[PDB]
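**Q** Take this structure, written in structure tokens, and hold onto it; I'll ask about it next.
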DNA sequence: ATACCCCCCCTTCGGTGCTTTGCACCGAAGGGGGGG
Ligand SMILES: Cn1c(Cn2ccc(C(F)(F)F)c(Oc3cc(Cl)cc(C#N)c3)c2=O)n[nH]c1=O
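Chains as they are written, first to last, in the entry's author numbering: chain B, 4 to 217, 232 to 428; chain A, 3 to 28, 33 to 64, 73 to 133, 142 to 286, 289 to 449, 452 to 552.
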């Protein structure tokens with residue numbers, strides 16, 4: 004039949020022992036009828052008390068999906084097995100994928116369930132279903148086959164994936180291919196009627212050889242938003258003081274940003290609300306400052322060795338930002354995620370969709386998910402984020418309790 | 003009898019226990039000989055180096079090192095059931111199994127790891151006591167016995183905690199008796215010696231602290247300990263008992279009782297008049313016992329929240345008006361500086377997560393706060409916060425925003441500047459306003475942030491109703507901008523009171539020790 | 001009797017990370033209730 008690749012951990016550290024958080028009654032009701040079916044088809048099997056490893060589980064509803072799905076939080080397993088994918092097999096990141104006109108994302112994880120998994124590793128991927136009012140203990144199940152959402156599963160399956168997609172790569176060398184987790188990114192420089200034609204052609208092609216998969234985003238049409246200083250004719254002491262302070266803050270990002278004449282301009286303890294003249298020397302200083310700000314930060318470079326860190330600041334009125342970088346004060350990218358559509362309905366949902374957009378863009382551009390620094394309290398985030406989640410990947414996040422009151426990316 | 007065992011092992015590195023046994027003791035020989043007949047504890051040869059400690063009471075066999083050396087076991091249980099989450103059931107029965115542990119076999123390979131030498143050596147064919155995974159092993163086996171019955175018919179609702187088997191149904195009495203007898207036989211088929219059907223309980227029950235009636239429930243009656251002199255330990259016991267009682271009795275305050283504990289088991293301390301008065305009030309509340317009710321899925325949960333003052337809230341989850349399902353209080357204070365809205369959202373988060381844990385769904389809240397207030401707060405706070413769903417309820421005290429720090433400068437208000445310093449290797455405060463108004467003053471046990479807060483307090487002290495301020499530190503901005511009410515620092519409380527007294531205040535920030543604007547003078551004197 | 005585990009509740013430490021030297025913060029412990 005189909006063989007399996009043994010999986011080994013890194014000796015010296017333990018496996019996943021994450022306590023499984025509670026779930027709504029409907030989530031349990033759907034997960035029962037999903038995991039019973041998965042057990043009937045030999046995909047999963049039960050286990051007894053002797054298994055000391057557990058991972059969470061929750062039933063999301065996919066985008067425009069009449070049914071439910073399932074996700075298992077495999078963050079700790081990846082945290083313990085990063086070296087498996089970092090050494091065994093690594094797919095090169097296409098530099099041209101960032102510059103393609105459009106790409107399409109398909110959920111190709113179904114074939115991940117048709118490949119048997121190792122015997123020794125099979126123990127580690129055990130997940131617990133909760134119970135209503137904890138009347139009965141968790142029915143702890145075990146993945147018999149390769150699991151959807153596990154980082155090391157694509158490493159195993161990429162050989163057969165390549166074998167499948169080699170005809171498509173041959174007949175269509177223009178298309179660029181990138182697989183991340185259970186998702187596949189296909190990149191083309193075609194029109195809507197032709198991009199859709201080729202994506203449906205690829206779907207039919209996968210159907211012809213026993214692989215079934217049940232939106233469009235433009236990598237090239239993403240533009241960084243450069244910071245700018247406010248400009249007007251009548252300036253006050255308060256406004257010029259704010260401008261000098263912002264020039265200070267921004268001197269950290271830009272080495273060449275200086276403020277000395279404006280600092281020397283303000284010497285007396287004057288009222289904030291009075292109108293103050295602005296000399297032509299300050300005009301030239303402001304022009305040079307804006308010229309520096311318009312240009313992207315000189316010397317910006319990327320290192321795959323480090324991890325990607327993304328901060329988010331909420332500017333109100335249904336507007337958020339996101340800054341992705343590795344080394345402090347030299348941002349690799351900045352953005353502006355704005356929507357007033359869901360403002361009247363939700364607030365955390367905005368943060369969830371922002372996080373999804375950031376991680377999708379980072380996967381398209383640099384290829385690895387960012388580590389998020391969310392502006393939200395830990396428990397209120399952990400209570401509700403799953404209710405507004407639709408992506409089969411799970412990014413890593415940590416809540417910085419420090420108040421970032423600067424917020425000079427947008428006054 | 004036909005119960006397949008479960009593999010047992012240990013943490014890698016070294017074998018089982020090796021401490022010398024003790025045959026002679028307070033007789034204790036014929037007790038274990040009887041189980042050799044039916045094989046619960048069998049005889050083994052003198053080739054067992056895995057010696058174990060021996061104990062017998064009137073057999074809590076000691077495994078003080080075996081539990082330290084046994085492989086880690088995952089927690090089978092994840093809490094304790096609550097009566098409010100039980101649906102209305104007509105017929106109910108309890109079938110607590112006999113000792114739950116001498117009818118479940120132990121793994122064949124593992125028997126060699128434990129021994130009982132009473133001259142000779144006996145091996146355990148059965149689960150011992152003081153064992154790491156014994157509740158988990160029995161619970162899994164006990165589910166493996168149950169599930170064919172539940173699959174046969176799901177009408178019968180079965181709860182199970184530790185060794186206990188709570189059966190409920192909406193059928194007639196005789197049909198329920200027939201079904202429970204069938205369950206008894208089904209359990210017996212796998213070799214469980216349950217107590218006789220005459221010994222099963224009939225309502226009202228007594229559970230883990232909760233007495234259950236055909237249509238109501240409550241906790242077992244409790245009394246409040248009384249003594250002229252209180253040590254700390256009895257105060258902690260009283261606090262714990264009050265917290266336990268706070269699940270069904272509305273409006274229980276245990277905070278300003280708990281502040282007495284801040285001064286510290290056997291050590292004895294005096295009391296406070298507040299403590300005695302509120303203990304009497306709590307005794308008056310607990311004098312008359314109240315009743316809860318049972319869940320009804322054909323309806324919806326509607327919780328309400330009230331504020332009792334100084335960071336304490338009470339909630340009362342129910343379904344039918346003035347018929348509580350559950351009650352509770354939230355009082356914990358994490359961090360330093362919070363207003364009432366932050367604590368209110370913490371309270372609603374805790375209530376909804378508890379409701380998910382218990383009844384598996386969230387309640388449609390009722391909050392005592394205006395819609396526009398929460399709208400402004402969530403559109404103005406820099407963090408992201410949410411509230412599930414809530415309707416306005418008019419009940420004082422009414423939580424609201426105390427003071428609004430202006431986001432724009434105002435005319436007709438003096439512009440103050442503030443600064444201070446200290447010694448890095452005992453600080454001072456000193457500043458110059460737009461007209462030279464200086465109030466330099468030293469202070470002890472202070473640093474840059476303390477003297478900045480002191481300068482802010484001074485500027486508020488020597489200003490009018492409307493005033494604008496320019497600061498050289500972001501720490502004060504972070505403190506005051508959150509609109510705080512209560513704080514550890516009394517200076518912060520005074521500043522908050524000053525801002526409440528005033529009408530409109532606007533702030534700004536400048537870089538420190540840079541000589542920019544008014545920073546030259548304020549960083550010159552101090 | 002003196003050892004053994006689960007949710008809840010508090011108070012009091014330590015360590016983190018600068019917000020870098022106090023401070024705000026959070027997690028782990030030490031008692032309390034319920035007991036098993
Ligand atoms: C008294 N009573 C009731 C209440 N009630 C309703 C359902 C069940 C169920 F079938 F779920 F077990 C009950 O069994 C339990 C559950 C628990 Cl946590 C503890 C105890 C004890 N001691 C008994 C039950 O007590 N309904 N009708 C009536 O007379």
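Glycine included, every Cβ here is placed at the ideal spot set by N, Cα and C.
Does chain B have any CB closer than 8 Å to the CB of residue 96 of chain A?
**A** Taking Cβ atoms only, chain B reaches closer than 8 Å to residue 96 of chain A, which makes this a yes.
**Q** For the stretch 37-66 of chain B, enumerate the residues whose C-beta is nearer than 8 Å to any C-beta of chain A, in chain order.
**A** 51, 52, 53, 54, 55, 56, 57
**Q** Identify which residue in A:62, A:82, A:109, A:148 has its Cα closest to the Cα of residue 3 of chain A.
**A** A:148
**Q** Would you check whether ligand 1 has a heavy atom nearer than 7 Å to the C-beta of residue 234 of chain A?
**A** Of the heavy atoms belonging to ligand 1, at least one sits nearer than 7 Å to the Cβ of residue 234 of chain A.
**Q** Identify which residue in B:16, B:9, B:31 has its Cα closest to the Cα of residue 385 of chain A.
**A** B:31
**Q** Could you run through the stretch 120-153 of chain B and flag, in chain order, every residue whose CB is less than 9 Å away from some CB of chain A?
**A** 129, 131, 133, 134, 135, 136, 137, 138, 139, 140, 141, 142, 143
**Q** Taking beta-carbon pairs under 8 Å, can you tell me which members of the stretch 145-176 of chain A lie near chain B?
**A** Cβ contacts with chain B: 155, 158, 159, 161, 162, 165.
**Q** Give the secondary structure of residue 74 of chain B by DSSP, where H, G and I count as helix, E and B as strand, and everything else as coil.
**A** strand
**Q** Among A:455, A:469, A:521, whose alpha-carbon lies nearest the alpha-carbon of residue 498 of chain A?
**A** A:455
**Q** Would you check whether ligand 1 has a heavy atom nearer than 7 Å to the C-beta of residue 104 of chain A?
**A** Because some heavy atom of ligand 1 lies under 7 Å away, the Cβ of residue 104 of chain A counts as near it: yes.
**Q** Run down chain A in chain order and give the residues with a C-beta less than 7 Å from the C-beta of residue 265 of chain B.
**A** 537
**Q** Contact defined as beta carbons within less than 8 Å: I believe residue 52 of chain B pairs with residue 158 of chain A. What is the distance between those atoms, to the nearest angstrom?
**A** 3 Å
**Q** Decide if the stretch 177-193 of chain B is in contact with the stretch 402-417 of chain B; the criterion is three or more beta carbon pairs, one per stretch, under 8 Å apart.
**A** Cβ pair count under 8 Å is three or more, so yes.
**Q** Determine whether the Cβ of residue 288 of chain B lies closer than 8 Å to any Cβ atom of chain A.
**A** yes
**Q** Note down, in chain order, each residue of its chain lying with its Cβ closer than 8 Å to the Cβ of residue 336 of chain A, except the 5 sequence neighbours on either side.
**A** Same-chain partners within the cutoff: 275, 277, 353, 354, 355.
**Q** Would you call residue 198 of chain B buried or exposed, if buried means 16 or more other Cβ atoms sit within 10 Å of its Cβ?
**A** buried
**Q** Is residue 395 of chain A close to chain B? Criterion is C-beta to C-beta, closer than 8 Å.
**A** Chain B, which has no Cβ nearer than 8 Å to the Cβ of residue 395 of chain A, makes this no.
**Q** Since residue 192 of chain B contacts residue 101 of chain B with CB under 8 Å, what's their CB separation in whole angstroms?
**A** Contact check for residue 192 of chain B and residue 101 of chain B: beta-carbon distance about 13 Å, past the 8 Å limit, so the pair fails to qualify.
**Q** Kindly provide the ranges of any alpha helix (DSSP H) runs that are 4 or more residues long and lie completely inside the stretch 367-414 of chain B, ordered along the chain.
**A** 395-401
**Q** So what does residue 191 of chain A bridge to, in DSSP terms?
**A** A:105
**Q** Would you mind sorting residue 139 of chain A into buried or exposed? The rule is 16 or more other CB atoms within 10 Å of its CB.
**A** For residue 139 of chain A, nothing is modelled; it lies in the interval where chain A passes from 133 to 142 with no residues in between.
**Q** Assuming contact is defined by CB atoms lying nearer than 8 Å, are residue 185 of chain A and residue 103 of chain A in contact in what I supplied?
**A** no
**Q** Beta-carbon of residue 546 of chain A versus every beta-carbon of chain B: anything under 8 Å?
**A** yes
**Q** At 3 residues or longer, what runs of the beta strand (DSSP E) sit wholly inside the stretch 282-336 of chain B?
**A** As far as the stretch 282-336 of chain B is concerned, its whole beta strand (DSSP E) runs of at least 3 residues are 325-328.
**Q** What do you reckon, is the C-beta of residue 190 of chain A under 7 Å from a heavy atom of ligand 1?
**A** yes
**Q** In chain B, which residues lie with their C-beta within 8 Å of the C-beta of residue 255 of chain A?
**A** Those do not exist, as residue 255 of chain A stays about 32 Å from chain B at its closest Cβ, beyond 8 Å.
**Q** Compare the C-beta of residue 363 of chain B with all C-beta atoms of chain A and state if any pair is closer than 8 Å.
**A** A Cβ of chain A is located within less than 8 Å of the beta carbon of residue 363 of chain B.
**Q** Under 8 Å, Cβ to Cβ, is there at least one residue of chain A near residue 393 of chain B?
**A** yes
**Q** Only counting runs of 3 or more residues, tell me where the beta strand (DSSP E) segments fall wholly within the stretch 120-200 of chain B, in order along the chain.
**A** 129-132, 142-146, 179-183, 186-191
**Q** Using a cut-off of 9 Å between C-beta atoms, extract the partners of residue 89 of chain B located in chain A.
**A** Those do not exist, as residue 89 of chain B stays about 27 Å from chain A at its closest Cβ, beyond 9 Å.
**Q** Can you name, in chain order, every residue of its own chain whose Cβ lies under 7 Å from the Cβ of residue 547 of chain A, other than the five neighbours on each side?
**A** Apart from sequence neighbours up to five positions away, the residues of its chain that approach residue 547 of chain A with a beta-carbon distance below 7 Å are 458, ordered along the chain.
**Q** Run the proximity test for residue 383 of chain A: is its beta-carbon closer than 7 Å to any non-hydrogen atom belonging to ligand 1?
**A** no
**Q** What is the DSSP secondary structure of residue 106 of chain B, counted as helix, strand or coil?
**A** strand
**Q** Between residue 171 of chain A and ligand 1, is there a pair consisting of the residue's CB and a ligand heavy atom that are separated by less than 7 Å?
**A** For residue 171 of chain A, the distance from the CB to the nearest heavy atom of ligand 1 is not below 7 Å.
**Q** Between residue 317 of chain A and ligand 1, is the CB less than 7 Å from at least one heavy atom?
**A** no
**Q** Taking the Cβ atom as the reference point for each residue, do residue 391 of chain A and residue 329 of chain A lie within a distance shorter than 8 Å?
**A** yes
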